[PDB]
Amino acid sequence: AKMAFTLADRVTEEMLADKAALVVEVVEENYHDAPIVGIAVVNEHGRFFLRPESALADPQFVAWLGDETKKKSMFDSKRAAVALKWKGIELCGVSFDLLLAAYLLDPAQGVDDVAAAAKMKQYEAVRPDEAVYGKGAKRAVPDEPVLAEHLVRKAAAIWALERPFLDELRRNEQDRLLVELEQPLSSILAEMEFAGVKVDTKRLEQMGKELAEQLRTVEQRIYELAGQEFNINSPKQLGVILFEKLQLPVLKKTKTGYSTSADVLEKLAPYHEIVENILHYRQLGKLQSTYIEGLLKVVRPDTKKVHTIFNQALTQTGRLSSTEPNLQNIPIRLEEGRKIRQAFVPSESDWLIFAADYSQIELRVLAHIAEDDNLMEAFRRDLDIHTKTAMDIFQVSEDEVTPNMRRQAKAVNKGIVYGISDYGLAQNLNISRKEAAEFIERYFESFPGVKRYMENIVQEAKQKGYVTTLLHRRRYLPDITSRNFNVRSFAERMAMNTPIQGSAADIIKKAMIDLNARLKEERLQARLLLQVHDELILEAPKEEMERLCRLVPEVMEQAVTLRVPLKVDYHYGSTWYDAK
């Protein structure tokens, strides 16, 4: 049903109204220095398609994109913004972003294109991107006539839906969450990704060579112990050597057949010398293949930086997500892996990396929302919460809390936050189910308000159909009413966990917005680089380091007021690794 639209040869004044639906199409998944293939505008005066080359050599048009008074509605404005930044062009005045609007309304829907959003409000006059571009190897930009129609249909759909979405957002009391939190956050994220993080490639390469040598050493040793040669990365091949040939005990079974997971092999270490070498092999293999080679692929040879993409509209809890590369899972737990962080360096000379992290934010949030007196009081005293929990479940004095008692108390705390069952805790603490249920029972005696909260929250999700966060983020949990025990059980755990994890997301988001405002007021050159759930990473001049030590934590700490204080720790140094 051909939609009417002008395929313009040049930009005209009536295309630059102070209110428009704009589509700036970037079909590359990774939008960094990626082409723009089409522009559509839809407004009071009609519907228009433009060609980038024309539209972007045009001062009038670029002035308009840049103009903050001229208000745009879009879908995934960060994608457009970053693609335009790589071309030296600024995008401002995005008053409404449908992708973020749909995301707040229902993360479960998985809305990843305009069509998905449109179905939510019964609008079907737009095609799914995957249908116009195909998928995988057949991904292709179409001919002008087909492209032109699709862009305009998305612009047109954005035009039609903004009011319907803002109405529902308002009804959920999520309108401020879109306009004050997520949409501003999108601009800060656009800057972060474009700035990117500088990498020392020679430092990486050297590490690759050392690993290479060590992998060969341990690999040969494995063959020698095995008494033959086999592919160690092959489950089928490794299982045979471990369980048929060396006759090691079959502790666990996979769908495929044999389980060679770490927690399994560690149990088998005593029987044979070959097990410890294999775990080590894999550990090394993992760093070489994922983190050295995978990183060296994505470094941009020109700028010497990696430029991640932060997904703002993906997780079910309101958290961010990072890809190409993921900088939110760089090794930190074992020193061998941790060293990788020495490869991440400031972008200018005489600058330093500055890391700031919240301390036990999830448990602090639980205390606040649960209103547990015993937990509130623990954090007001600034105690060690795991040592404290140990004391309370084991009924002992600080003097008597052994490292094992702590480790155990800690596991209980995570479990409460993830809302696990006696079985899950038993699996984690490697103890009997009865013992696990004794711990939990003890925990709830020590913290009755937390118990009260878990019961009440499951009941509220049952009554309302969703659970909310502090800043009115929302998550629907249909399965909570399901008659299957396992499906219902999982729903209840989400019921318990989401307001904790989700409210923590909200807090750090606000901190990021607040922090940005302060950095500008202060006219500081410091800049945000990464966010890893409970921490922010910046780079700034050595001269600016002392000020940031006061400023960054103050801003993060005052983001919200709760019944307990928030606590931030910081460090800085010449590399990410040294900011410890």
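Numbers for residues come from their place in the sequence shown, where the first is 1.
Higher mean CA temperature factor, per the PDB entry, when comparing 411-419 with 234-242: 234-242. Taking the mean C-alpha B-factor of each stretch as recorded, 458-466 and 129-137 are not equal, and the higher mean is that of 129-137. Note on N326, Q220, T389, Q312: the highest value goes to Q220, judged by CA B factor as recorded. When the C-alpha B-factors of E371, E362, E335, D175 are ranked from the entry, the top spot goes to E335. Residue-level temperature factors show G502 in the lowest third of its chain, judged at the C-alpha atom. Per-chain ranking of the deposited C-alpha B factor places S187 in the lowest third.
Residue-level temperature factors show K209 in the highest third of its chain, judged at the C-alpha atom.
Among the modelled residues of its chain, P346 has a C-alpha B-factor that falls in the middle third, as given in the PDB entry. Split the chain's modelled residues into thirds by C-alpha temperature factor. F354 is in the lowest one.
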